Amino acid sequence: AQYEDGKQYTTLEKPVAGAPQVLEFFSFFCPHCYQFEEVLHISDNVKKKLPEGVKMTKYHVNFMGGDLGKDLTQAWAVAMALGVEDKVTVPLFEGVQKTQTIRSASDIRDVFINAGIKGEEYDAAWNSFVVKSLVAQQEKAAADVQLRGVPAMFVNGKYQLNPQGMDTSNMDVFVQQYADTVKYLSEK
């Protein structure tokens, strides 16, 4: 067929009940994730093609970058809680991988301050149990699929995107193939 299990996607042998409809994982340490988000704009182009009533969830992971990797999962929880993902995603990626100016939790915080989140607001969120809960939700979702690599995207707890089964000669074509595959999977 045009879409084939093992080609554009794979099928989880242990399906996850109650999983987010479309679930993306990344790390700000992850070089391919930098490409996915900053250059390919995968999340945006996937979202722009999702059926009505299909929501997209994006979570950070701990298994890259040690201590700072865990700090970034907590900062991503702050970003989600405050709803400022679209303000901090670029400077966090660039801070970690382009300028390499993010070396500590304080450096992460500076990115939010520069993006206009007030210091008191950031610190209250950082220390909040709402954010602890969001951190737990990120960890649980990744654990549910035994996640050991990023970038990764899952659909309905059942299917995992397989971008290695896609032509990478043209960036634009690759992105819409990925997006069309997520749409196809969500409609299964």
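For every residue, the number given is its place in the sequence shown, counted from 1. Note that the rigid core is defined as the largest set of C-alphas that superpose within 1.5 Å between two forms.
Superposition on the core shows that, in 5 other deposited structures of this protein, the C-alpha atoms drift more in one of 146-154 and 47-55; this is 47-55. Core superposition of the other structures onto this form places the C-alphas of 164-172 farther off in 5 other deposited structures of this protein than those of the other stretch among 164-172 and 20-28. Looking at 3-11 and 177-185 together, the entry lists the larger mean B-factor for 3-11, computed on C-alpha atoms. 163-171 and 21-29 differ in mean CA B-factor, and the higher of the two is recorded for 163-171. In this structure the maximum Cα B-factor among 132, 48, 140, 41 is found at 48.
Residue set 125, 150, 68, 54: peak C-alpha B-factor at 54 (per PDB entry). Among all modelled residues in this chain, the alpha-carbon of residue 61 has a temperature factor (C-alpha) in the lowest third.
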